[PDB]
Amino acid sequence: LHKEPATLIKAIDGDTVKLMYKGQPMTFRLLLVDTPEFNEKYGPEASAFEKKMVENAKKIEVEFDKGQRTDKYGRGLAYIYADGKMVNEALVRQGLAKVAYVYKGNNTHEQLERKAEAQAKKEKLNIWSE
Ligand SMILES: Cc1cn([C@H]2C[C@H](OP(=O)(O)O)[C@@H](COP(=O)(O)O)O2)c(=O)[nH]c1=O
Ligand SMILES: [Ca+2]
């Protein structure tokens, strides 16, 4: 895969971020994860975590996978990195997102995400605490 630069416009919620990509605004939905909605338990915490990660980064990068690049809602589908750290993995490792929406055409980092999830579960973090 490869990383491409982009710039932050705004963090939206735990698993969506609006970025200026090749000179146009795009809303990106993070591959392989599902955060609670803001109105649900852990939703504000997930939103805050994604926000801090992307706002505090000097270097934002988009990494598409090898399959579909946009969804039915017109969002871009990617792995997002903030100063070299993958937001998709970090959210799951903190127990603020479940591994979800794993489609075969875009599953490069599936194993990585499931490994993060298993450890968040062992540690009884956040969505896994009960
Ligand atoms: C992450 C992701 C979501 N989606 C779609 C599936 C869901 O469609 P349906 O809602 O129509 O079933 C929706 C979930 O988005 P959110 O979790 O942001 O709600 O986004 C994809 O099509 N591909 C993906 O890779
Ligand atoms: Ca969600």
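Computed over heavy atoms, backbone and side chain alike; hydrogens, waters and symmetry mates excluded. Whatever order the structure lists ligands and atoms in, that order sets their numbers, starting from 1. Just so you know, residue 1 is the first one in the sequence shown, and it goes up from there.
Grouping the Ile, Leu, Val, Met, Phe, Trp and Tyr side chains by contacts below 4.5 angstrom, directly or via other members, places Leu19 with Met26. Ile60 and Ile9 sit in two unconnected hydrophobic clusters of ILVMFWY residues. Membership requires side-chain heavy atoms under 4.5 Å apart, directly or through other members.
Scanning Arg75, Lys72, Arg29 for the heavy atom closest to atom 20 (O) of ligand 1 points to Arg75.
Among all non-hydrogen protein atoms, the one lying nearest atom 14 (C) of ligand 1 is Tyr101 OH, 3.4 Å. Scanning the protein for heavy atoms near atom 23 (N) of ligand 1, the closest one is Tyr103 CE1, 3.4 Å. With respect to atom 11 (O) of ligand 1, the closest heavy atom belonging to the protein is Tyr73 OH, 2.5 Å.
A salt bridge is defined here as a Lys NZ or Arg NE, NH1 or NH2 lying under 4.0 Å from an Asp or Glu carboxylate O, and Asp15 with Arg29 meets this definition.
In summary, an N, O or S atom of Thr35 is located under 3.0 Å from the Ca ion (ligand 2). Counting backbone and side-chain atoms alike, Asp13 contributes no N/O/S atom closer than 3.0 Å to the Ca ion (ligand 2).
Ligand 1 has no N or O atom lying under 3.5 Å from any N or O atom of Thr16, backbone or side chain. Where the criterion is an N or O separation shorter than 3.5 Å, residue side chain and backbone included, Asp15 fails it with respect to ligand 1.
When the shell of 6.0 Å around CD of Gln68 is examined, it contains 12 or fewer heavy atoms from other residues, nucleotides or ligands.
Geometrically, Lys3 engages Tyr81 in a cation-pi contact defined by less than 6.0 Å to the ring centre and at most 45° from the axis.
Aromatic pair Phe64/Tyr21: centroids less than 6.0 angstrom apart.
Short contacts between ligand 1 and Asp71, defined as distances under 4.0 Å to a heavy atom of the residue, involve ligand atoms 21 (C), 22 (O). Taking every non-hydrogen atom of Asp34 and a distance limit under 4.0 Å, the qualifying atoms of ligand 1 come out as 17 (O).
The closest approach between a heavy atom of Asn106 and any atom of ligand 1 is not below 4.0 Å.
For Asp34, the N, O or S atom with the smallest separation from the Ca ion (ligand 2) is OD1. Closest approach between the Ca ion (ligand 2) and any N/O/S atom of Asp15 involves OD2.
Formation of a donor-acceptor pair under 3.5 Å by the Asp34 side chain with backbone atoms of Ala97 is not found in this model.
A donor-acceptor pair shorter than 3.5 Å can be found between the side chains of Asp65 and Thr108.
Only the side chain of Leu31 comes within contact range of ligand 1, with a heavy atom under 4.0 Å; no backbone atom does.
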